[PDB]
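So this one's structure_8.txt, compact mmCIF, C-alpha atoms:
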```
# COMPACT_ATOMS: atom_id res chain seq x y z
CA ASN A 2 -11.28 -1.80 -16.89
CA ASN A 3 -12.41 -2.08 -13.48
CA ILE A 4 -10.43 -4.12 -10.87
CA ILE A 5 -8.35 -2.60 -8.03
CA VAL A 6 -5.40 -4.65 -6.75
CA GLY A 7 -3.45 -4.68 -3.48
CA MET A 8 -0.24 -6.65 -4.12
CA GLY A 9 2.46 -7.83 -1.67
CA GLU A 10 2.74 -9.42 1.76
CA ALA A 11 0.01 -11.30 3.62
CA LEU A 12 1.10 -12.67 6.97
CA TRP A 13 0.43 -13.33 10.65
CA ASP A 14 1.55 -10.83 13.25
CA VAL A 15 2.22 -13.35 16.03
CA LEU A 16 2.13 -11.42 19.32
CA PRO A 17 2.58 -13.01 22.77
CA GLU A 18 -1.17 -12.35 23.35
CA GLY A 19 -2.12 -14.33 20.21
CA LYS A 20 -1.88 -13.76 16.45
CA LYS A 21 -3.48 -11.24 14.10
CA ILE A 22 -3.59 -10.97 10.30
CA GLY A 23 -1.27 -8.34 8.78
CA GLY A 24 -0.34 -6.97 5.35
CA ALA A 25 -0.77 -3.57 3.73
CA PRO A 26 -2.19 -5.26 0.52
CA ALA A 27 -5.26 -6.87 2.05
CA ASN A 28 -5.95 -3.75 4.11
CA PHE A 29 -5.87 -1.55 0.94
CA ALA A 30 -8.08 -4.05 -0.99
CA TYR A 31 -10.49 -4.16 1.90
CA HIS A 32 -10.89 -0.41 2.30
CA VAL A 33 -11.22 0.32 -1.41
CA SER A 34 -14.02 -2.29 -1.58
CA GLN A 35 -15.80 -0.35 1.24
CA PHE A 36 -16.09 2.46 -1.37
CA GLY A 37 -17.75 0.16 -3.87
CA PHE A 38 -14.73 -0.90 -5.92
CA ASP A 39 -14.13 -4.48 -7.06
CA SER A 40 -10.80 -5.36 -5.37
CA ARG A 41 -8.35 -8.27 -5.29
CA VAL A 42 -5.58 -9.18 -2.89
CA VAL A 43 -2.56 -10.55 -4.82
CA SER A 44 -0.15 -12.46 -2.55
CA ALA A 45 0.87 -16.06 -1.76
CA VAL A 46 0.57 -18.32 1.25
CA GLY A 47 1.78 -21.82 2.14
CA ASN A 48 -0.02 -25.16 2.07
CA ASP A 49 -0.20 -24.98 5.85
CA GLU A 50 -2.62 -24.21 8.70
CA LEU A 51 -1.67 -20.51 8.85
CA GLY A 52 -2.32 -20.26 5.06
CA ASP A 53 -5.70 -21.97 5.32
CA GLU A 54 -6.52 -19.64 8.23
CA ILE A 55 -5.67 -16.56 6.16
CA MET A 56 -7.85 -17.76 3.32
CA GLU A 57 -10.79 -18.34 5.75
CA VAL A 58 -10.49 -14.87 7.29
CA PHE A 59 -10.59 -13.33 3.79
CA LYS A 60 -13.61 -15.46 2.96
CA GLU A 61 -15.25 -14.22 6.18
CA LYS A 62 -14.42 -10.56 5.29
CA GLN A 63 -15.67 -11.26 1.73
CA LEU A 64 -12.30 -10.13 0.49
CA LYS A 65 -11.75 -11.39 -3.07
CA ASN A 66 -8.27 -12.49 -4.07
CA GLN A 67 -5.85 -14.16 -6.40
CA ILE A 68 -3.61 -15.76 -3.82
CA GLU A 69 -1.54 -18.76 -4.94
CA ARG A 70 -0.27 -21.55 -2.73
CA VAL A 71 3.50 -21.92 -2.88
CA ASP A 72 6.13 -24.30 -1.40
CA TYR A 73 7.19 -21.85 1.41
CA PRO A 74 5.69 -21.24 4.84
CA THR A 75 2.93 -18.70 5.24
CA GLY A 76 4.55 -15.45 6.32
CA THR A 77 4.70 -14.31 9.94
CA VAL A 78 6.01 -11.35 11.97
CA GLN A 79 7.21 -12.58 15.39
CA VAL A 80 6.42 -9.69 17.77
CA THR A 81 8.41 -9.16 21.02
CA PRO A 88 7.97 -3.18 20.50
CA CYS A 89 10.11 -5.35 18.17
CA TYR A 90 9.42 -7.20 14.91
CA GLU A 91 11.00 -10.27 13.29
CA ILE A 92 9.74 -10.38 9.64
CA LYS A 93 10.38 -14.10 8.92
CA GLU A 94 12.30 -14.61 5.68
CA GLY A 95 12.04 -17.23 2.91
CA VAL A 96 8.28 -17.14 3.18
CA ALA A 97 5.33 -17.56 0.80
CA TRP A 98 4.87 -13.83 0.11
CA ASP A 99 8.58 -13.66 -1.00
CA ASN A 100 7.64 -16.15 -3.75
CA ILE A 101 4.53 -14.79 -5.46
CA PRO A 102 4.55 -16.49 -8.91
CA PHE A 103 3.88 -14.61 -12.19
CA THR A 104 1.21 -16.86 -13.67
CA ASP A 105 -0.81 -16.67 -16.89
CA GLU A 106 -3.77 -15.65 -14.71
CA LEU A 107 -1.81 -12.87 -13.01
CA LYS A 108 -0.76 -11.57 -16.46
CA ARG A 109 -4.47 -11.36 -17.40
CA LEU A 110 -5.29 -9.64 -14.07
CA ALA A 111 -2.62 -6.97 -14.75
CA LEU A 112 -4.10 -6.27 -18.18
CA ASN A 113 -7.49 -5.68 -16.55
CA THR A 114 -6.40 -3.62 -13.52
CA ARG A 115 -7.51 -0.01 -13.01
CA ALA A 116 -5.44 0.80 -9.89
CA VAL A 117 -2.75 -1.07 -7.97
CA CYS A 118 -0.99 -0.36 -4.69
CA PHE A 119 2.39 -1.96 -3.93
CA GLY A 120 5.19 -1.46 -1.37
CA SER A 121 8.93 -2.03 -0.96
CA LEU A 122 8.95 -4.92 1.51
CA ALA A 123 7.48 -7.48 -0.89
CA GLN A 124 10.31 -6.71 -3.37
CA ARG A 125 13.10 -7.90 -0.97
CA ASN A 126 13.29 -11.33 -2.64
CA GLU A 127 14.04 -11.78 -6.34
CA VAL A 128 10.92 -13.94 -7.06
CA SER A 129 8.24 -11.53 -5.73
CA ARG A 130 10.27 -8.56 -6.96
CA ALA A 131 10.23 -9.96 -10.50
CA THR A 132 6.48 -10.73 -10.28
CA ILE A 133 5.62 -7.30 -8.97
CA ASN A 134 7.64 -5.57 -11.70
CA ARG A 135 6.21 -7.73 -14.47
CA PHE A 136 2.69 -7.05 -13.18
CA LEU A 137 3.35 -3.28 -13.27
CA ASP A 138 5.05 -3.38 -16.71
CA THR A 139 2.06 -5.39 -18.08
CA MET A 140 -0.60 -3.13 -16.56
CA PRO A 141 -1.70 -0.25 -18.81
CA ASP A 142 -1.42 3.32 -17.63
CA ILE A 143 -2.32 5.50 -20.62
CA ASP A 144 -5.92 5.97 -19.50
CA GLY A 145 -5.60 7.47 -16.03
CA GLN A 146 -4.82 4.15 -14.26
CA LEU A 147 -3.16 4.56 -10.85
CA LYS A 148 0.07 2.85 -9.83
CA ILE A 149 0.53 3.63 -6.14
CA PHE A 150 3.86 3.00 -4.46
CA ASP A 151 3.04 3.08 -0.72
CA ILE A 152 6.79 2.83 0.01
CA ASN A 153 6.42 1.63 3.60
CA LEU A 154 10.12 1.09 4.45
CA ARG A 155 10.56 -1.79 6.89
CA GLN A 156 13.69 -2.36 8.89
CA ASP A 157 16.45 -2.53 6.32
CA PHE A 158 14.57 -4.46 3.67
CA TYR A 159 15.20 -2.03 0.76
CA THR A 160 17.97 -1.12 -1.69
CA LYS A 161 18.56 1.98 -3.76
CA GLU A 162 17.83 0.06 -7.02
CA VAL A 163 14.48 -1.33 -5.72
CA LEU A 164 13.41 2.17 -4.72
CA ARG A 165 14.58 3.85 -7.93
CA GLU A 166 12.85 1.26 -10.21
CA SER A 167 9.65 1.55 -8.18
CA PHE A 168 9.68 5.36 -8.44
CA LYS A 169 10.01 4.88 -12.24
CA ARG A 170 7.06 2.39 -12.39
CA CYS A 171 4.61 4.28 -10.15
CA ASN A 172 2.59 7.37 -10.77
CA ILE A 173 1.58 8.12 -7.17
CA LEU A 174 4.07 7.97 -4.25
CA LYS A 175 3.02 7.80 -0.59
CA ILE A 176 5.82 8.43 1.86
CA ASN A 177 6.26 9.62 5.46
CA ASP A 178 8.53 12.44 6.59
CA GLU A 179 11.24 10.19 8.05
CA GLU A 180 11.30 7.96 4.93
CA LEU A 181 11.64 11.19 2.89
CA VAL A 182 14.77 12.05 4.89
CA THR A 183 16.18 8.53 4.11
CA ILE A 184 15.43 8.82 0.35
CA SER A 185 16.98 12.27 0.25
CA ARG A 186 20.15 10.92 1.84
CA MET A 187 20.29 7.96 -0.57
CA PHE A 188 19.74 10.14 -3.64
CA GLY A 189 21.95 13.06 -2.67
CA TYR A 190 19.79 15.97 -1.53
CA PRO A 191 19.61 15.59 2.26
CA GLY A 192 20.27 19.23 3.14
CA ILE A 193 17.35 20.90 1.39
CA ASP A 194 13.86 21.87 2.55
CA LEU A 195 11.13 19.19 3.00
CA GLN A 196 8.97 20.61 0.18
CA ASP A 197 11.96 20.80 -2.24
CA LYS A 198 12.60 17.06 -1.65
CA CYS A 199 8.98 16.42 -2.65
CA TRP A 200 9.24 18.66 -5.70
CA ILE A 201 12.27 16.67 -6.98
CA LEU A 202 10.42 13.39 -6.74
CA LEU A 203 7.19 14.82 -8.28
CA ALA A 204 8.97 16.19 -11.38
CA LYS A 205 11.75 13.56 -11.82
CA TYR A 206 9.25 10.70 -11.84
CA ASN A 207 6.27 12.48 -13.51
CA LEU A 208 4.02 11.66 -10.54
CA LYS A 209 0.34 12.53 -10.65
CA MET A 210 0.61 13.20 -6.93
CA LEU A 211 2.99 12.76 -3.97
CA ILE A 212 1.43 12.13 -0.55
CA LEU A 213 3.68 13.03 2.39
CA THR A 214 2.48 11.97 5.85
CA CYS A 215 3.95 13.64 8.91
CA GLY A 216 2.08 11.91 11.77
CA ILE A 217 0.92 14.35 14.40
CA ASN A 218 2.18 17.21 12.16
CA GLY A 219 -0.38 16.56 9.44
CA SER A 220 -0.15 15.39 5.83
CA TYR A 221 0.60 16.94 2.46
CA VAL A 222 -0.45 16.20 -1.11
CA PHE A 223 1.78 17.68 -3.80
CA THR A 224 0.69 18.17 -7.42
CA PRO A 225 2.52 20.37 -9.93
CA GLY A 226 2.52 23.89 -8.49
CA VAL A 227 -0.01 23.03 -5.77
CA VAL A 228 0.15 21.83 -2.18
CA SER A 229 -2.78 20.48 -0.16
CA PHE A 230 -2.29 20.33 3.63
CA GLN A 231 -4.45 18.79 6.34
CA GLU A 232 -3.91 18.64 10.13
CA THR A 233 -4.13 15.17 11.70
CA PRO A 234 -7.19 14.99 13.95
CA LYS A 235 -6.66 13.89 17.55
CA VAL A 236 -9.02 10.97 18.13
CA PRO A 237 -9.20 8.40 20.93
CA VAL A 238 -6.94 5.71 19.50
CA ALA A 239 -7.93 2.10 19.97
CA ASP A 240 -5.26 0.90 17.56
CA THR A 241 -3.60 2.53 14.54
CA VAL A 242 -3.28 -0.78 12.61
CA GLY A 243 -4.67 -0.44 9.05
CA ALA A 244 -5.14 3.36 9.30
CA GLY A 245 -2.40 4.26 6.78
CA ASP A 246 -3.70 1.66 4.33
CA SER A 247 -7.27 3.00 4.74
CA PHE A 248 -5.86 6.47 3.93
CA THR A 249 -4.37 5.17 0.69
CA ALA A 250 -7.59 3.25 -0.17
CA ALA A 251 -9.84 6.29 0.46
CA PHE A 252 -7.50 8.59 -1.54
CA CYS A 253 -7.47 6.10 -4.42
CA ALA A 254 -11.27 5.67 -4.33
CA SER A 255 -11.77 9.44 -4.36
CA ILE A 256 -9.42 10.12 -7.22
CA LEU A 257 -10.97 7.34 -9.33
CA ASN A 258 -14.42 8.74 -8.50
CA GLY A 259 -13.40 12.11 -10.05
CA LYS A 260 -12.86 14.05 -6.82
CA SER A 261 -10.39 16.91 -6.53
CA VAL A 262 -7.12 16.41 -4.67
CA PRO A 263 -8.27 18.48 -1.65
CA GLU A 264 -11.49 16.45 -1.45
CA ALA A 265 -9.58 13.15 -1.73
CA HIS A 266 -7.08 14.31 0.92
CA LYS A 267 -9.87 15.27 3.37
CA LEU A 268 -11.72 11.95 2.97
CA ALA A 269 -8.45 10.01 3.38
CA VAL A 270 -7.71 11.84 6.66
CA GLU A 271 -11.23 11.25 8.05
CA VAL A 272 -11.18 7.54 7.07
CA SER A 273 -7.75 7.02 8.74
CA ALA A 274 -9.00 8.83 11.88
CA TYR A 275 -12.04 6.57 12.07
CA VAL A 276 -9.95 3.38 11.55
CA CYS A 277 -7.71 4.50 14.47
CA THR A 278 -10.78 4.48 16.72
CA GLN A 279 -11.37 0.73 16.02
CA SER A 280 -9.47 -2.31 17.30
CA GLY A 281 -8.99 -4.10 13.99
CA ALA A 282 -7.39 -3.17 10.61
CA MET A 283 -10.60 -3.80 8.57
CA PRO A 284 -13.51 -2.20 10.39
CA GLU A 285 -16.63 -1.52 8.39
CA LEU A 286 -16.49 2.17 7.39
CA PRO A 287 -19.28 4.61 8.39
CA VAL A 288 -21.97 5.13 5.78
CA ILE A 289 -21.58 8.93 6.07
CA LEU A 290 -17.98 8.60 4.91
CA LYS A 291 -19.10 6.27 2.05
CA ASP A 292 -21.65 8.97 1.08
CA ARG A 293 -18.75 11.29 0.23
CA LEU A 294 -18.37 9.55 -3.18
CA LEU A 295 -22.00 10.13 -4.26
```

Structure rendered as structure tokens:
Amino acid sequence: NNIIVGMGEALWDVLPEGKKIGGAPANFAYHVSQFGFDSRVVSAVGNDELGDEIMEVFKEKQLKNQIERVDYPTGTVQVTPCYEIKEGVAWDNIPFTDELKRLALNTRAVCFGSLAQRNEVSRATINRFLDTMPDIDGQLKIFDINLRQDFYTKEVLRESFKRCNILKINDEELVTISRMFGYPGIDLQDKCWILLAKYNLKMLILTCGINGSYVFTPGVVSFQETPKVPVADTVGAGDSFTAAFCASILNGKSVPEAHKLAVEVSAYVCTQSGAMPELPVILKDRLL
């Protein structure tokens, strides 16, 4: 089966200058659909104006979804270089429905993060989705760990490492994990090797910002420099990386080919103001 799912938060980044849609899930779903995949955003919003607004934007972007309405406000991040991630919100309460069960059974690749597991309701839904979803036929379960503030526990991380088969992590988050799990003093690569082997990962993607990015597979490292481009805004670039990497791997590309496309896609997205720019056709051609 066939469907690619981005699952987690969907919210408004409410800046003094106005508000903007945010959420790694929708961004991943969007970018994977640029590469011809049938994608769904799985989240929840409130029966409120902000929720209606989100749903209209996704309609406008032609972004297909299985978003439920729940009895909690649509999520927001109040922005002040500082972020208040409002709690007790709709995306903390994504329900595990009969329909979501069926979606999980039919899902080819999913990407999920840590933030949307902070609350017991969404955490339970996410884990049940993953445990329902098959993986014996090359399906991808991508944990784009994305640590936010202090919204993570050791148990949430450990269970997610167990459920995923691809981890995407940055070099500072890798330091944090290594501290939590008792190997802080070793080499960067050795930290990655532990995670790759311990959790039987197909791949581990390590991003190091201006210092490039790595993809680890057993016995093999792929490394790419980060291009310097004229940044408009980096919003959505990391999600577009994950989406392009996913698309490439599912298309049958090698890891080095996937890694290269992911870097180029991220670089392009950084040149654009919004999180969901239409991708260049010459980058889409890479999956021919």

task = Find the residue from A:230, A:168, A:150, A:36 that sits nearest to residue A:9; use all atoms listed in the file when measuring.
result =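 For residue A:9, the nearest of the candidates is A:150.
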
Minimum-distance residue to residue A:47, chosen among A:97, A:254, A:277, A:118 (using only C-alpha atoms)
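The shortest atom-to-atom distance to residue A:47 comes from A:97.
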
Using only C-alpha atoms, the residue out of A:71, A:95, A:34, A:229 with shortest distance to residue A:284 is A:34

Worksheet entry | Minimum-distance residue to residue A:10, chosen among A:205, A:93, A:266, A:235 (using only C-alpha atoms) |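 Of A:205, A:93, A:266, A:235, the one nearest residue A:10, counting only C-alpha atoms, is A:93.
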
Neighbours of residue A:121 within 12 Å (all atoms listed in the file; same-chain residues fewer than 2 positions away dropped), as a PyMOL selection string? chain A and resi 8-10+25-26+99+118-119+123-126+129-130+133-134+149-168+171+174-176+180

Closest of A:276, A:110, A:172, A:223 to residue A:197, counting only C-alpha atoms, is A:223

As an mmCIF file, in the coordinates of the input, the rebuilt stretch 10-31 of chain A with N, CA and C atoms:
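Written file, selection11.cif:
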```cif
data_model
loop_
_atom_site.group_PDB
_atom_site.id
_atom_site.type_symbol
_atom_site.label_atom_id
_atom_site.label_comp_id
_atom_site.auth_asym_id
_atom_site.auth_seq_id
_atom_site.Cartn_x
_atom_site.Cartn_y
_atom_site.Cartn_z
ATOM 1 N N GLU A 10 2.727 -8.526 0.600
ATOM 2 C CA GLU A 10 2.740 -9.420 1.760
ATOM 3 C C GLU A 10 1.343 -9.680 2.316
ATOM 4 N N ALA A 11 1.178 -10.903 2.817
ATOM 5 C CA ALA A 11 0.010 -11.300 3.620
ATOM 6 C C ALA A 11 0.574 -12.269 4.642
ATOM 7 N N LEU A 12 0.334 -12.005 5.933
ATOM 8 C CA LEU A 12 1.100 -12.670 6.970
ATOM 9 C C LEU A 12 0.368 -12.675 8.316
ATOM 10 N N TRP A 13 0.940 -13.385 9.285
ATOM 11 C CA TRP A 13 0.430 -13.330 10.650
ATOM 12 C C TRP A 13 1.386 -12.538 11.532
ATOM 13 N N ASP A 14 0.863 -11.492 12.149
ATOM 14 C CA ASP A 14 1.550 -10.830 13.250
ATOM 15 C C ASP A 14 1.307 -11.687 14.502
ATOM 16 N N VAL A 15 2.347 -12.388 14.934
ATOM 17 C CA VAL A 15 2.220 -13.350 16.030
ATOM 18 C C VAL A 15 2.763 -12.686 17.305
ATOM 19 N N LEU A 16 1.829 -12.103 18.060
ATOM 20 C CA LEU A 16 2.130 -11.420 19.320
ATOM 21 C C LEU A 16 2.065 -12.427 20.481
ATOM 22 N N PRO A 17 2.717 -12.105 21.616
ATOM 23 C CA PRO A 17 2.580 -13.010 22.770
ATOM 24 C C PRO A 17 1.108 -13.286 23.139
ATOM 25 N N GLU A 18 0.256 -12.265 22.990
ATOM 26 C CA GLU A 18 -1.170 -12.350 23.350
ATOM 27 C C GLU A 18 -2.032 -13.099 22.343
ATOM 28 N N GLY A 19 -1.409 -13.645 21.298
ATOM 29 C CA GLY A 19 -2.120 -14.330 20.210
ATOM 30 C C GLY A 19 -1.649 -13.764 18.878
ATOM 31 N N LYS A 20 -2.291 -14.180 17.792
ATOM 32 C CA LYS A 20 -1.880 -13.760 16.450
ATOM 33 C C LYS A 20 -2.981 -12.950 15.783
ATOM 34 N N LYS A 21 -2.571 -12.108 14.844
ATOM 35 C CA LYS A 21 -3.480 -11.240 14.100
ATOM 36 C C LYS A 21 -2.987 -11.181 12.645
ATOM 37 N N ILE A 22 -3.921 -11.092 11.709
ATOM 38 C CA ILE A 22 -3.590 -10.970 10.300
ATOM 39 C C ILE A 22 -2.915 -9.625 10.084
ATOM 40 N N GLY A 23 -1.912 -9.599 9.209
ATOM 41 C CA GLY A 23 -1.270 -8.340 8.780
ATOM 42 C C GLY A 23 -0.945 -8.328 7.284
ATOM 43 N N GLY A 24 -0.626 -7.135 6.764
ATOM 44 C CA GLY A 24 -0.340 -6.970 5.350
ATOM 45 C C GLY A 24 -0.997 -5.733 4.794
ATOM 46 N N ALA A 25 -0.203 -4.768 4.357
ATOM 47 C CA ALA A 25 -0.770 -3.570 3.730
ATOM 48 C C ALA A 25 -1.655 -3.883 2.506
ATOM 49 N N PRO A 26 -1.306 -4.887 1.669
ATOM 50 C CA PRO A 26 -2.190 -5.260 0.520
ATOM 51 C C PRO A 26 -3.636 -5.568 0.804
ATOM 52 N N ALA A 27 -3.896 -6.485 1.739
ATOM 53 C CA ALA A 27 -5.260 -6.870 2.050
ATOM 54 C C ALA A 27 -6.006 -5.671 2.623
ATOM 55 N N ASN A 28 -5.315 -4.910 3.476
ATOM 56 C CA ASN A 28 -5.950 -3.750 4.110
ATOM 57 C C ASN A 28 -6.387 -2.750 3.025
ATOM 58 N N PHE A 29 -5.525 -2.480 2.045
ATOM 59 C CA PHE A 29 -5.870 -1.550 0.940
ATOM 60 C C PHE A 29 -7.055 -2.080 0.124
ATOM 61 N N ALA A 30 -7.001 -3.372 -0.242
ATOM 62 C CA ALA A 30 -8.080 -4.050 -0.990
ATOM 63 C C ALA A 30 -9.395 -3.988 -0.226
ATOM 64 N N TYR A 31 -9.315 -4.212 1.090
ATOM 65 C CA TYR A 31 -10.490 -4.160 1.900
ATOM 66 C C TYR A 31 -11.149 -2.778 1.860
#
```
